[PDB]
$ cat start.cif   # mmCIF, C-alpha atoms
data_protein
loop_
_atom_site.label_atom_id
_atom_site.label_comp_id
_atom_site.auth_asym_id
_atom_site.auth_seq_id
_atom_site.Cartn_x
_atom_site.Cartn_y
_atom_site.Cartn_z
CA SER A 28 15.85 -1.50 -21.85
CA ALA A 29 13.76 1.33 -23.29
CA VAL A 30 11.42 1.49 -20.30
CA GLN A 31 14.32 1.65 -17.86
CA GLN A 32 15.91 4.53 -19.78
CA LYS A 33 12.63 6.45 -19.71
CA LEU A 34 12.16 5.79 -15.99
CA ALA A 35 15.73 6.98 -15.31
CA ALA A 36 15.01 10.18 -17.29
CA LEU A 37 11.79 10.70 -15.33
CA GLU A 38 13.73 10.28 -12.09
CA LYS A 39 16.39 12.76 -13.18
CA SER A 40 13.77 15.36 -14.09
CA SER A 41 12.03 14.93 -10.70
CA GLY A 42 15.00 15.51 -8.38
CA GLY A 43 14.02 12.52 -6.24
CA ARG A 44 14.53 8.78 -5.95
CA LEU A 45 12.05 6.53 -7.78
CA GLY A 46 11.44 2.81 -7.28
CA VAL A 47 9.21 0.77 -9.63
CA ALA A 48 8.25 -2.87 -9.86
CA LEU A 49 5.87 -4.32 -12.43
CA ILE A 50 4.79 -7.96 -12.58
CA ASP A 51 2.97 -9.00 -15.73
CA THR A 52 0.92 -12.05 -14.75
CA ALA A 53 0.60 -13.10 -18.41
CA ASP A 54 4.16 -14.51 -18.53
CA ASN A 55 5.38 -13.71 -14.97
CA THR A 56 7.85 -11.23 -16.38
CA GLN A 57 9.05 -8.34 -14.25
CA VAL A 58 10.24 -4.80 -14.85
CA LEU A 59 12.27 -3.25 -12.03
CA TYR A 60 13.81 0.13 -11.36
CA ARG A 61 15.70 0.40 -8.06
CA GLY A 62 13.76 -2.80 -7.35
CA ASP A 63 15.92 -3.87 -4.38
CA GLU A 64 16.35 -0.52 -2.66
CA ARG A 65 14.43 0.25 0.52
CA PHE A 66 11.77 2.99 0.50
CA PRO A 67 9.51 4.24 3.33
CA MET A 68 6.12 2.54 2.96
CA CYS A 69 4.01 5.17 4.69
CA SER A 70 0.31 4.29 4.24
CA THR A 71 0.99 1.52 1.71
CA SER A 72 1.71 -0.57 4.85
CA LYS A 73 -2.03 -0.53 5.63
CA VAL A 74 -2.59 -3.25 3.03
CA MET A 75 -0.48 -5.66 5.10
CA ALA A 76 -2.31 -4.85 8.34
CA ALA A 77 -5.72 -5.36 6.73
CA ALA A 78 -4.61 -8.61 5.08
CA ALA A 79 -3.30 -9.87 8.42
CA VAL A 80 -6.69 -9.36 10.04
CA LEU A 81 -8.32 -11.03 7.04
CA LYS A 82 -6.04 -14.04 7.59
CA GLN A 83 -7.15 -14.23 11.23
CA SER A 84 -10.79 -14.23 10.11
CA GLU A 85 -10.26 -17.55 8.31
CA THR A 86 -10.26 -19.28 11.73
CA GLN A 87 -12.30 -16.68 13.67
CA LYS A 88 -15.24 -16.61 11.30
CA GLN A 89 -17.03 -13.70 13.01
CA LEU A 90 -13.92 -11.57 13.56
CA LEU A 91 -14.73 -8.93 10.97
CA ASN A 92 -18.01 -8.12 12.74
CA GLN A 93 -16.38 -7.53 16.12
CA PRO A 94 -17.11 -4.02 17.45
CA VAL A 95 -14.12 -1.91 18.47
CA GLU A 96 -14.54 1.24 20.58
CA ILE A 97 -13.26 4.57 19.19
CA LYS A 98 -12.25 6.83 22.07
CA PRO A 99 -11.07 10.49 21.85
CA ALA A 100 -7.59 9.34 22.94
CA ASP A 101 -7.39 6.99 19.92
CA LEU A 102 -7.54 9.80 17.38
CA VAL A 103 -4.26 10.80 15.80
CA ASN A 104 -3.39 13.23 13.01
CA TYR A 105 -5.67 12.07 10.13
CA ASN A 106 -8.90 10.23 11.02
CA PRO A 107 -11.55 11.07 8.43
CA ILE A 108 -13.75 8.06 9.20
CA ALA A 109 -12.87 7.34 12.84
CA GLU A 110 -13.78 10.95 13.73
CA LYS A 111 -17.37 10.19 12.70
CA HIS A 112 -17.62 7.39 15.27
CA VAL A 113 -15.90 8.82 18.36
CA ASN A 114 -17.51 7.46 21.54
CA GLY A 115 -19.17 4.75 19.47
CA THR A 116 -17.91 1.62 17.78
CA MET A 117 -16.73 0.44 14.38
CA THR A 118 -16.39 -3.19 13.34
CA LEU A 119 -13.03 -4.56 12.21
CA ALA A 120 -14.44 -4.71 8.68
CA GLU A 121 -15.37 -1.01 8.88
CA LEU A 122 -11.89 -0.19 10.27
CA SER A 123 -10.19 -2.18 7.50
CA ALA A 124 -12.26 -0.37 4.88
CA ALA A 125 -11.47 3.01 6.44
CA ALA A 126 -7.77 2.25 6.62
CA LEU A 127 -7.63 1.14 2.99
CA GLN A 128 -10.08 3.43 1.22
CA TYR A 129 -9.63 6.67 3.16
CA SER A 130 -6.12 6.10 4.59
CA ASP A 131 -7.52 6.57 8.11
CA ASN A 132 -4.66 6.50 10.60
CA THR A 133 -6.75 5.69 13.70
CA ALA A 134 -8.13 2.71 11.80
CA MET A 135 -4.60 1.52 11.07
CA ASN A 136 -3.63 1.79 14.74
CA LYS A 137 -6.64 -0.32 15.74
CA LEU A 138 -5.65 -2.98 13.17
CA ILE A 139 -2.09 -2.98 14.57
CA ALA A 140 -3.47 -3.41 18.10
CA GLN A 141 -5.65 -6.33 16.98
CA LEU A 142 -2.51 -8.04 15.65
CA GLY A 143 -0.55 -7.49 18.86
CA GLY A 144 1.68 -4.58 17.79
CA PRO A 145 3.79 -3.84 14.71
CA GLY A 146 5.59 -7.13 15.32
CA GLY A 147 2.32 -8.91 14.54
CA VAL A 148 2.00 -7.18 11.15
CA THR A 149 5.60 -8.04 10.30
CA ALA A 150 4.96 -11.64 11.36
CA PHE A 151 2.21 -11.98 8.80
CA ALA A 152 4.54 -10.77 6.05
CA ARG A 153 7.07 -13.42 7.09
CA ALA A 154 4.35 -16.09 7.14
CA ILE A 155 3.51 -15.45 3.46
CA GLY A 156 7.18 -15.41 2.38
CA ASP A 157 8.02 -11.69 2.51
CA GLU A 158 11.37 -11.40 4.30
CA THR A 159 11.80 -7.74 3.36
CA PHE A 160 8.76 -5.92 4.76
CA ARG A 161 9.24 -4.45 8.22
CA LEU A 162 6.75 -2.48 10.28
CA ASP A 163 8.37 -0.93 13.34
CA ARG A 164 6.13 1.92 14.47
CA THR A 165 2.46 2.93 14.70
CA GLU A 166 0.72 5.93 13.17
CA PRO A 167 1.72 8.65 12.73
CA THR A 168 5.47 8.21 13.38
CA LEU A 169 5.90 5.46 10.78
CA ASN A 170 5.77 8.22 8.15
CA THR A 171 8.96 10.07 9.13
CA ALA A 172 10.67 8.68 5.97
CA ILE A 173 14.17 9.64 7.15
CA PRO A 174 16.84 8.94 4.48
CA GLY A 175 18.73 5.74 5.31
CA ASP A 176 16.42 4.70 8.17
CA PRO A 177 15.38 1.05 7.64
CA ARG A 178 12.30 1.31 9.90
CA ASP A 179 8.89 0.89 8.19
CA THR A 180 10.42 0.15 4.76
CA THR A 181 10.21 -2.44 2.03
CA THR A 182 11.52 -2.71 -1.49
CA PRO A 183 9.50 -2.41 -4.73
CA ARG A 184 10.26 -6.00 -5.72
CA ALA A 185 9.12 -7.42 -2.39
CA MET A 186 5.92 -5.39 -2.23
CA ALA A 187 4.96 -6.27 -5.82
CA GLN A 188 5.35 -9.97 -5.14
CA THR A 189 3.44 -9.76 -1.87
CA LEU A 190 0.60 -7.69 -3.37
CA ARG A 191 0.36 -10.28 -6.16
CA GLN A 192 0.08 -13.12 -3.64
CA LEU A 193 -2.57 -11.32 -1.55
CA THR A 194 -4.86 -10.26 -4.41
CA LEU A 195 -4.32 -12.62 -7.34
CA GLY A 196 -2.68 -15.54 -5.55
CA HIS A 197 -3.83 -17.69 -2.66
CA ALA A 198 -2.12 -16.27 0.44
CA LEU A 199 -5.66 -15.62 1.72
CA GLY A 200 -8.82 -17.71 1.61
CA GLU A 201 -11.22 -17.11 -1.26
CA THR A 202 -13.73 -14.96 0.64
CA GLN A 203 -10.92 -12.96 2.22
CA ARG A 204 -9.12 -12.34 -1.08
CA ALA A 205 -12.34 -11.20 -2.73
CA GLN A 206 -12.94 -8.81 0.16
CA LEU A 207 -9.45 -7.35 -0.15
CA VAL A 208 -9.87 -6.86 -3.93
CA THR A 209 -13.23 -5.17 -3.40
CA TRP A 210 -11.73 -2.82 -0.81
CA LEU A 211 -8.77 -1.88 -3.06
CA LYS A 212 -11.03 -1.25 -6.04
CA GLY A 213 -13.03 1.17 -3.91
CA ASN A 214 -10.09 3.31 -2.86
CA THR A 215 -10.91 7.03 -2.87
CA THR A 216 -7.40 8.53 -2.65
CA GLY A 217 -5.76 7.32 -5.84
CA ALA A 218 -7.19 9.41 -8.68
CA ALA A 219 -4.02 11.45 -9.28
CA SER A 220 -1.46 8.65 -8.81
CA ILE A 221 -1.09 5.38 -10.80
CA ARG A 222 -4.69 5.65 -12.10
CA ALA A 223 -3.93 8.95 -13.80
CA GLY A 224 -1.27 7.39 -16.06
CA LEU A 225 -3.41 4.46 -17.25
CA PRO A 226 -6.09 4.02 -19.93
CA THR A 227 -9.42 5.01 -18.39
CA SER A 228 -11.00 1.67 -19.30
CA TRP A 229 -8.62 -0.31 -17.06
CA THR A 230 -9.87 -1.31 -13.61
CA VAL A 231 -7.43 -0.47 -10.82
CA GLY A 232 -7.35 -1.30 -7.11
CA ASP A 233 -4.65 0.65 -5.27
CA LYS A 234 -3.36 1.97 -1.95
CA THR A 235 -1.54 5.31 -1.82
CA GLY A 236 0.93 6.53 0.73
CA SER A 237 2.58 9.80 1.61
CA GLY A 238 4.89 11.10 4.27
CA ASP A 239 7.78 13.36 5.13
CA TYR A 240 10.65 13.96 2.65
CA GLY A 241 7.97 14.38 -0.05
CA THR A 242 7.43 10.65 0.00
CA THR A 243 4.71 9.77 -2.51
CA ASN A 244 3.77 6.09 -3.05
CA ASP A 245 1.10 3.97 -4.72
CA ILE A 246 0.69 0.22 -5.07
CA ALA A 247 -1.83 -1.22 -7.47
CA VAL A 248 -3.36 -4.28 -9.05
CA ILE A 249 -4.50 -3.57 -12.61
CA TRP A 250 -7.06 -5.44 -14.73
CA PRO A 251 -6.73 -4.33 -18.37
CA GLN A 252 -9.62 -5.15 -20.67
CA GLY A 253 -9.17 -8.59 -22.24
CA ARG A 254 -5.65 -9.04 -20.90
CA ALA A 255 -4.03 -10.65 -17.87
CA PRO A 256 -3.76 -8.48 -14.74
CA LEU A 257 -0.68 -6.55 -13.74
CA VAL A 258 0.75 -5.56 -10.36
CA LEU A 259 2.55 -2.21 -10.22
CA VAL A 260 4.39 -0.63 -7.28
CA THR A 261 5.68 2.98 -7.50
CA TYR A 262 7.64 4.50 -4.61
CA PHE A 263 9.11 8.00 -4.62
CA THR A 264 11.00 10.07 -2.06
CA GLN A 265 12.93 13.33 -2.08
CA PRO A 266 15.97 14.90 -0.41
CA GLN A 267 14.18 17.76 1.43
CA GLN A 268 12.37 17.08 4.71
CA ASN A 269 9.58 19.52 3.70
CA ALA A 270 9.25 18.61 0.00
CA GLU A 271 5.77 18.61 -1.54
CA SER A 272 4.11 15.41 -2.67
CA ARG A 273 4.65 14.47 -6.31
CA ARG A 274 1.72 12.28 -7.38
CA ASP A 275 2.42 13.33 -10.98
CA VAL A 276 5.64 11.30 -10.89
CA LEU A 277 3.68 8.13 -10.07
CA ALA A 278 1.22 8.87 -12.87
CA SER A 279 4.09 9.39 -15.30
CA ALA A 280 5.84 6.22 -14.28
CA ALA A 281 2.62 4.27 -14.82
CA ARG A 282 2.22 5.85 -18.27
CA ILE A 283 5.78 4.82 -19.21
CA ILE A 284 5.10 1.24 -18.08
CA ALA A 285 1.75 1.13 -19.89
CA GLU A 286 3.52 2.08 -23.14
CA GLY A 287 5.12 -1.39 -22.93
#
$ encode --input "start.cif" --output "structure tokens"
Amino acid sequence: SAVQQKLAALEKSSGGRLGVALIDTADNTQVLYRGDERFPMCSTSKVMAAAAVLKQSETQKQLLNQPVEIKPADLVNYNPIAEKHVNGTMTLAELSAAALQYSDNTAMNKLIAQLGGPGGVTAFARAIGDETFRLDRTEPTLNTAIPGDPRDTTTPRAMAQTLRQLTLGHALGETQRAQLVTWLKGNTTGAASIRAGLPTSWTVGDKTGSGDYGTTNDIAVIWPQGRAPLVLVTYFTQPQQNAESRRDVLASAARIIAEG
């Protein structure tokens, strides 16, 4: 198809490996490019950890208000919100927000601990029908993005379907889903990624991710004006261990999709 030819040309010009999945919820059609290849998730995995804690809060009604202590030993390499609360507490809601909207790595590690380790995040994926997602490590080593390594990977097709079920579907309770959507819509890190390739009147909720090998990712739910929502996953990685991030590739892939 025309879109797939343009995405292949974009990939060739970029020198990397691009994976795209679009679900159009108007007719449940899909557009895929390397849709079944594995890519390193990096921080896009934080959506799954936050959704898992949201699922626990359906039975533990007060869980999101539970205070969690932030100690100096908890801080890792990138903790823009947790740093502000060292030797104090943050609730699980505040940690989920920090993880999603600022990509805070300490916040992610607290969410993983709440779920009982990376195996608890993976379990949640399996419970909602995602047999592809795997989380193996904590922050910051889950971002090593080594070519061929299956740890901490998913495919574009699997992540698009799962993001659809979490945000537009009913994998979560109604209050929980609305909370997740509100968090995604308030992301602060996405201005130069998928959002940059889309009409400025469209509402987007997204989670970015970045890591070694120039890995540059973004997953988004998109609400066009007077038109059914879309789910769009864009993953990108490069052959050089020290390659620079390429958010422009994600923007360009979104623009090519939006032309459809």
$ resolve_selection --input "start.cif" --expression "the PyMOL selection byres ((chain A and resi 138) around 9)" --output "VMD selection string"
chain A and resid 73 76 to 77 79 to 80 119 122 to 123 126 133 to 137 139 to 144 148
$ write_last_selection --input "start.cif" --atoms "C-alpha atoms" --output "short mmCIF file (atom, residue, chain, number, x, y, z; two decimals), keeping the file's coordinate frame"
data_model
loop_
_atom_site.label_atom_id
_atom_site.label_comp_id
_atom_site.auth_asym_id
_atom_site.auth_seq_id
_atom_site.Cartn_x
_atom_site.Cartn_y
_atom_site.Cartn_z
CA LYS A 73 -2.03 -0.53 5.63
CA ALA A 76 -2.31 -4.85 8.34
CA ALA A 77 -5.72 -5.36 6.73
CA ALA A 79 -3.30 -9.87 8.42
CA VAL A 80 -6.69 -9.36 10.04
CA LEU A 119 -13.03 -4.56 12.21
CA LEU A 122 -11.89 -0.19 10.27
CA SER A 123 -10.19 -2.18 7.50
CA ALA A 126 -7.77 2.25 6.62
CA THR A 133 -6.75 5.69 13.70
CA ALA A 134 -8.13 2.71 11.80
CA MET A 135 -4.60 1.52 11.07
CA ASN A 136 -3.63 1.79 14.74
CA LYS A 137 -6.64 -0.32 15.74
CA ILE A 139 -2.09 -2.98 14.57
CA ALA A 140 -3.47 -3.41 18.10
CA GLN A 141 -5.65 -6.33 16.98
CA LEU A 142 -2.51 -8.04 15.65
CA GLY A 143 -0.55 -7.49 18.86
CA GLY A 144 1.68 -4.58 17.79
CA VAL A 148 2.00 -7.18 11.15
#
$ residues_around --input "start.cif" --residues "residue 70 in chain A" --least-positions-apart "5" --cutoff "7 Å" --atoms "all atoms listed in the file" --output "NGL selection string"
:A and (130 or 235-237)
$ write_last_selection --input "start.cif" --atoms "C-alpha atoms" --output "tab-separated table (two decimals), in the coordinates of the input"
chain	number	residue	atom	x	y	z
A	130	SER	CA	-6.12	6.10	4.59
A	235	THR	CA	-1.54	5.31	-1.82
A	236	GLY	CA	0.93	6.53	0.73
A	237	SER	CA	2.58	9.80	1.61
$ residues_around --input "start.cif" --residues "residue 251 in chain A" --least-positions-apart "4" --cutoff "8 Å" --atoms "only C-alpha atoms" --output "VMD selection string"
chain A and resid 228 to 230 255 to 257
$ atom_distance --input "start.cif" --atom1 "CA of residue 189 in chain A" --atom2 "CA of residue 69 in chain A"
16.3 Å
$ residues_around --input "start.cif" --residues "residue 71 in chain A" --least-positions-apart "4" --cutoff "12 Å" --atoms "all atoms listed in the file" --output "PDB file with C-alpha atoms, in the frame of the given file"
ATOM      1  CA  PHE A  66      11.770   2.990   0.500  1.00  0.00           C
ATOM      2  CA  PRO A  67       9.510   4.240   3.330  1.00  0.00           C
ATOM      3  CA  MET A  75      -0.480  -5.660   5.100  1.00  0.00           C
ATOM      4  CA  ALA A  76      -2.310  -4.850   8.340  1.00  0.00           C
ATOM      5  CA  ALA A  77      -5.720  -5.360   6.730  1.00  0.00           C
ATOM      6  CA  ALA A 126      -7.770   2.250   6.620  1.00  0.00           C
ATOM      7  CA  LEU A 127      -7.630   1.140   2.990  1.00  0.00           C
ATOM      8  CA  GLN A 128     -10.080   3.430   1.220  1.00  0.00           C
ATOM      9  CA  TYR A 129      -9.630   6.670   3.160  1.00  0.00           C
ATOM     10  CA  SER A 130      -6.120   6.100   4.590  1.00  0.00           C
ATOM     11  CA  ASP A 131      -7.520   6.570   8.110  1.00  0.00           C
ATOM     12  CA  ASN A 132      -4.660   6.500  10.600  1.00  0.00           C
ATOM     13  CA  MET A 135      -4.600   1.520  11.070  1.00  0.00           C
ATOM     14  CA  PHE A 160       8.760  -5.920   4.760  1.00  0.00           C
ATOM     15  CA  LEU A 162       6.750  -2.480  10.280  1.00  0.00           C
ATOM     16  CA  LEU A 169       5.900   5.460  10.780  1.00  0.00           C
ATOM     17  CA  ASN A 170       5.770   8.220   8.150  1.00  0.00           C
ATOM     18  CA  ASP A 179       8.890   0.890   8.190  1.00  0.00           C
ATOM     19  CA  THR A 180      10.420   0.150   4.760  1.00  0.00           C
ATOM     20  CA  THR A 181      10.210  -2.440   2.030  1.00  0.00           C
ATOM     21  CA  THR A 182      11.520  -2.710  -1.490  1.00  0.00           C
ATOM     22  CA  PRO A 183       9.500  -2.410  -4.730  1.00  0.00           C
ATOM     23  CA  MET A 186       5.920  -5.390  -2.230  1.00  0.00           C
ATOM     24  CA  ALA A 187       4.960  -6.270  -5.820  1.00  0.00           C
ATOM     25  CA  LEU A 190       0.600  -7.690  -3.370  1.00  0.00           C
ATOM     26  CA  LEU A 211      -8.770  -1.880  -3.060  1.00  0.00           C
ATOM     27  CA  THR A 216      -7.400   8.530  -2.650  1.00  0.00           C
ATOM     28  CA  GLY A 217      -5.760   7.320  -5.840  1.00  0.00           C
ATOM     29  CA  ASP A 233      -4.650   0.650  -5.270  1.00  0.00           C
ATOM     30  CA  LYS A 234      -3.360   1.970  -1.950  1.00  0.00           C
ATOM     31  CA  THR A 235      -1.540   5.310  -1.820  1.00  0.00           C
ATOM     32  CA  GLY A 236       0.930   6.530   0.730  1.00  0.00           C
ATOM     33  CA  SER A 237       2.580   9.800   1.610  1.00  0.00           C
ATOM     34  CA  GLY A 238       4.890  11.100   4.270  1.00  0.00           C
ATOM     35  CA  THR A 242       7.430  10.650   0.000  1.00  0.00           C
ATOM     36  CA  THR A 243       4.710   9.770  -2.510  1.00  0.00           C
ATOM     37  CA  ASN A 244       3.770   6.090  -3.050  1.00  0.00           C
ATOM     38  CA  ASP A 245       1.100   3.970  -4.720  1.00  0.00           C
ATOM     39  CA  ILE A 246       0.690   0.220  -5.070  1.00  0.00           C
ATOM     40  CA  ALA A 247      -1.830  -1.220  -7.470  1.00  0.00           C
ATOM     41  CA  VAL A 260       4.390  -0.630  -7.280  1.00  0.00           C
ATOM     42  CA  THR A 261       5.680   2.980  -7.500  1.00  0.00           C
ATOM     43  CA  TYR A 262       7.640   4.500  -4.610  1.00  0.00           C
TER      44      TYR A 262
END
$ resolve_selection --input "start.cif" --expression "the PyMOL selection byres ((chain A and resi 273) around 9)" --output "ChimeraX atom specification"
/A:41,220,241-243,263-264,270-272,274-277
$ build_atoms --input "start.cif" --residues "range 44-59 of chain A" --atoms "N, CA, C and O atoms" --output "mmCIF file, keeping the file's coordinate frame"
data_model
loop_
_atom_site.group_PDB
_atom_site.id
_atom_site.type_symbol
_atom_site.label_atom_id
_atom_site.label_comp_id
_atom_site.auth_asym_id
_atom_site.auth_seq_id
_atom_site.Cartn_x
_atom_site.Cartn_y
_atom_site.Cartn_z
ATOM 1 N N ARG A 44 14.120 10.170 -5.820
ATOM 2 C CA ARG A 44 14.530 8.780 -5.950
ATOM 3 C C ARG A 44 13.272 7.954 -6.168
ATOM 4 O O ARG A 44 12.355 7.982 -5.327
ATOM 5 N N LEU A 45 13.230 7.239 -7.301
ATOM 6 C CA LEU A 45 12.050 6.530 -7.780
ATOM 7 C C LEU A 45 12.309 5.029 -7.754
ATOM 8 O O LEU A 45 13.362 4.566 -8.217
ATOM 9 N N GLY A 46 11.348 4.262 -7.245
ATOM 10 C CA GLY A 46 11.440 2.810 -7.280
ATOM 11 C C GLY A 46 10.176 2.220 -7.905
ATOM 12 O O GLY A 46 9.065 2.603 -7.533
ATOM 13 N N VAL A 47 10.323 1.319 -8.858
ATOM 14 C CA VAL A 47 9.210 0.770 -9.630
ATOM 15 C C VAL A 47 9.355 -0.738 -9.691
ATOM 16 O O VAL A 47 10.456 -1.252 -9.922
ATOM 17 N N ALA A 48 8.252 -1.462 -9.496
ATOM 18 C CA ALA A 48 8.250 -2.870 -9.860
ATOM 19 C C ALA A 48 6.929 -3.180 -10.532
ATOM 20 O O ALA A 48 5.861 -2.837 -10.011
ATOM 21 N N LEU A 49 7.022 -3.845 -11.679
ATOM 22 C CA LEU A 49 5.870 -4.320 -12.430
ATOM 23 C C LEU A 49 5.983 -5.838 -12.527
ATOM 24 O O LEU A 49 7.066 -6.368 -12.799
ATOM 25 N N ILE A 50 4.889 -6.540 -12.254
ATOM 26 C CA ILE A 50 4.790 -7.960 -12.580
ATOM 27 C C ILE A 50 3.665 -8.102 -13.576
ATOM 28 O O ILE A 50 2.551 -7.623 -13.338
ATOM 29 N N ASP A 51 3.969 -8.693 -14.720
ATOM 30 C CA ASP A 51 2.970 -9.000 -15.730
ATOM 31 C C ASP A 51 2.562 -10.452 -15.509
ATOM 32 O O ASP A 51 3.376 -11.357 -15.695
ATOM 33 N N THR A 52 1.316 -10.680 -15.072
ATOM 34 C CA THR A 52 0.920 -12.050 -14.750
ATOM 35 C C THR A 52 0.664 -12.899 -15.989
ATOM 36 O O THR A 52 0.388 -14.098 -15.859
ATOM 37 N N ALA A 53 0.781 -12.318 -17.186
ATOM 38 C CA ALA A 53 0.600 -13.100 -18.410
ATOM 39 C C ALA A 53 1.741 -14.095 -18.605
ATOM 40 O O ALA A 53 1.512 -15.257 -18.966
ATOM 41 N N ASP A 54 2.983 -13.657 -18.378
ATOM 42 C CA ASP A 54 4.160 -14.510 -18.530
ATOM 43 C C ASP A 54 5.079 -14.439 -17.316
ATOM 44 O O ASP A 54 6.228 -14.897 -17.400
ATOM 45 N N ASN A 55 4.608 -13.864 -16.202
ATOM 46 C CA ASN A 55 5.380 -13.710 -14.970
ATOM 47 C C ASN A 55 6.669 -12.938 -15.188
ATOM 48 O O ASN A 55 7.648 -13.126 -14.464
ATOM 49 N N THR A 56 6.690 -12.074 -16.193
ATOM 50 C CA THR A 56 7.850 -11.230 -16.380
ATOM 51 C C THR A 56 7.773 -10.039 -15.431
ATOM 52 O O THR A 56 6.714 -9.725 -14.868
ATOM 53 N N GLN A 57 8.923 -9.414 -15.218
ATOM 54 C CA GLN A 57 9.050 -8.340 -14.250
ATOM 55 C C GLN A 57 9.826 -7.191 -14.875
ATOM 56 O O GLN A 57 10.725 -7.395 -15.698
ATOM 57 N N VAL A 58 9.464 -5.975 -14.489
ATOM 58 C CA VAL A 58 10.240 -4.800 -14.850
ATOM 59 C C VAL A 58 10.557 -4.077 -13.547
ATOM 60 O O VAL A 58 9.647 -3.818 -12.754
ATOM 61 N N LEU A 59 11.838 -3.799 -13.304
ATOM 62 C CA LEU A 59 12.270 -3.250 -12.030
ATOM 63 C C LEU A 59 13.134 -2.024 -12.263
ATOM 64 O O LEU A 59 13.924 -1.965 -13.219
#
